[PDB]
Amino acid sequence: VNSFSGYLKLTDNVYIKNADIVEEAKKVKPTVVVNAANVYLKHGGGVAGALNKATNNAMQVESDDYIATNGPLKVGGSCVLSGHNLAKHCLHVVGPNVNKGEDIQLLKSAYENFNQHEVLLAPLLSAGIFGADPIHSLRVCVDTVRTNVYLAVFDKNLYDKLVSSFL
Ligand SMILES: CCc1c[nH]c2ncnc(NN3C(=O)CC[C@H]3c3ccccc3)c12
C-alpha cells in the first residue's frame, strides 16, 4: 500500500489521474518525481519550469552544477538529482523533441529509465510542448515501464480522452 489516492488503474502497474504533478508531489512527497527535462537541464517551461519554480529555483541551481561537471544528458537518458521540497529524488528524463527532428523511437528508451525505480510519480514524456502525441506516449509508457508508475496529466480534455480510449 502507498499514499497515491484517486488514480484510475490502466494496467497491473500503470495508474493515471487528472492532476498537476507539482501539487501531487507536494501532497504525496514521493520517493521519485520524474521531470520532463531537456538535455541541458534548463528548466524554463512546461513541467520542468513548473517543478523548478516550486523549488524556488533550487532545482536549477543544482542542475547547473550537474551540467558543469558532467555535460549534457543524452536524448532518451536521465539522471537522478534531489527532489528538494517535492520528493526525495527527481529523475530528470529526456524524451525526444520531435520539433528538433529527434527520433520518436527514443521515447521508449526514455521510459526505460523508469524501470530503475520501484515507484514513481511522472508526467507523460514528450507530450505538451515537446510536441508528441500524448495518446502515443501513454501506449509506450504502458508497454515499456514495468515498475509502478503514477501518471499526472494536467490537461482535462487530453486526460478525458486518454483513459476513455486506452485499450
Ligand atoms: C505543463 C503544465 C503542467 C503543470 N503541471 C503539470 N503536471 C502534469 N502534466 C502537465 N502537463 N502535461 C500534459 O497535460 C500532457 C503532457 C504534459 C507536459 C509535459 C512537459 C511539458 C508540457 C506539458 C503539467
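One-based numbering along the sequence shown. As a basis for the values below, the full set of heavy atoms in this structure was taken, side chains included, without hydrogen atoms, waters or symmetry mates.
- Within the 3.5 Å criterion, the main-chain N or O of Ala58 finds no donor-acceptor partner in the side chain of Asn56.
- Hydrophobic clustering (side-chain heavy atoms under 4.5 Å, transitive across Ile, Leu, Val, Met, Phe, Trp, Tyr) groups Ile135 together with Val145.
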Would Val61 and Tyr66 satisfy side-chain contact (heavy atoms from CB on, under 4.5 Å), going step by step from the backbone distance to the final call?
CA-CA 9 Å; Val61 172; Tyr66 172 93; over 6 Å; no
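- Side chains of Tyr111 and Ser137: a donor-acceptor N/O pair is present below 3.5 angstrom, by distance only.
- Here the shortest heavy-atom pairing between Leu120 and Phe114 reads CD1-O, 3.6 Å.
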Test side-chain contact (heavy atoms from CB on, under 4.5 Å) applied to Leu151 and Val149, step by step
CA-CA 6 Å; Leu151 295 171; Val149 56; 3.9 Å; yes
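- Of the possible polar contacts, one joining the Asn85 side chain to the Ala54 backbone as a donor-acceptor pair under 3.5 Å is found.
- For the residue pair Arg139 and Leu167, the shortest heavy atom distance occurs at NH1-O, 3.6 Å.
- Side chain of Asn115 to main chain of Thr144: a donor-acceptor pair is present (N/O by atom type, distance under 3.5 Å, no hydrogens or angles).
- The shortest non-hydrogen separation linking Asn97 to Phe130 is OD1-O, 3.1 Å.
- In this structure, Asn113 contributes its side chain and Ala110 its backbone to a donor-acceptor pair below 3.5 Å.
- Residue-environment remark: NZ (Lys9) exceeds the threshold of 12 foreign heavy atoms within 6.0 Å.
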Walk me through whether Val94 and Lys74 qualify under side-chain contact (heavy atoms from CB on, under 4.5 Å).
CA-CA 7 Å; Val94 184; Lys74 298 169 181 181; over 6 Å; no
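- A continuous path of ILVMFWY side-chain contacts below 4.5 Å connects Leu121 to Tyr15, so both sit in one hydrophobic cluster.
- With values rounded to the nearest 0.5 angstrom, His92 atom NE2 is found 5.5 Å from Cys79 atom SG.
- Of the possible polar contacts, one joining the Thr55 side chain to the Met59 backbone as a donor-acceptor pair under 3.5 Å is found.
- Both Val34 and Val140 are assigned to one and the same hydrophobic cluster, defined by single-linkage of ILVMFWY side chains at heavy-atom distances under 4.5 Å.
- Rounding to the nearest 0.5 Å places CZ of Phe154 at 11.5 Å from CD1 of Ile21.
- Between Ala152 and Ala19, the shortest heavy-atom contact is CB-O, 3.7 Å.
- Annotation: the span from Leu124 atom CG to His136 atom NE2 amounts to 11.0 Å, rounded to 0.5 Å.
- Tracing side-chain contacts under 4.5 Å through hydrophobic residues (I, L, V, M, F, W, Y), one never reaches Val93 starting from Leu106; they form parts of separate clusters.
- Put simply, the side chain of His89 never gets that close to the backbone of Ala87: no donor and acceptor are under 3.5 Å apart.
- Atom CG of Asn157 has 12 or fewer heavy atoms from other residues, nucleotides or ligands within 6.0 Å.
- Within the 4.5 Å cutoff, the side chain of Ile16 has no heavy atoms near those of the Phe166 side chain.
- Of the possible donor and acceptor atoms, none in the side chain of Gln60 sits under 3.5 Å from a partner among the backbone N and O of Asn52.
- The line from SG of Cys90 to CG of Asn35 is 5.0 Å long, rounded to the nearest 0.5 Å.
- Once rounded to the nearest 0.5 Å, the distance linking CZ of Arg146 with CG of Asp12 reads 12.5 Å.
- In this structure a side-chain-to-backbone donor-acceptor pair under 3.5 Å is missing from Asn99 to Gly131.
- Taking each heavy atom of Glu62 and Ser82 in turn, the nearest pair found is OE2-N, 2.8 Å.
- Among the candidates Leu158, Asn18, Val163, the single residue satisfying the side chain to side chain contact (heavy atoms under 4.5 Å, CB included) test with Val153 is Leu158.
- A donor and an acceptor atom, one from each side chain of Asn2 and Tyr150, are located under 3.5 Å apart.
- Each salt bridge (charged side-chain N to carboxylate O under 4.0 Å, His left out) pair with one or both residues in residues 23-33, not counting sequence neighbours, appears once here: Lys17-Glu24, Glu23-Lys26.
- Of the inter-residue distances, the one linking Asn38 atom CG with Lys100 atom NZ reads 6.0 Å to the nearest 0.5 angstrom.
- Side-chain contact, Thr31 with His117: no donor N or O sits under 3.5 Å from an acceptor N or O.
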Verdict with reasoning, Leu73 to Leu41, per side-chain contact (heavy atoms from CB on, under 4.5 Å)
CA-CA 8 Å; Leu73 296 181; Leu41 302 181; 4.0 Å; yes
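- Summarising the geometry of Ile67 relative to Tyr40, their closest heavy-atom pair is CG1-O, 3.5 Å, with the distance given to 0.1 Å.
- Placement of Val22 and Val28 within a single hydrophobic cluster is found when ILVMFWY residues are connected by side-chain heavy-atom separations under 4.5 Å, directly or transitively.
- Judged purely by atom type and a 3.5 angstrom limit, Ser126 uses its side chain to pair as donor or acceptor with the backbone of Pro96.
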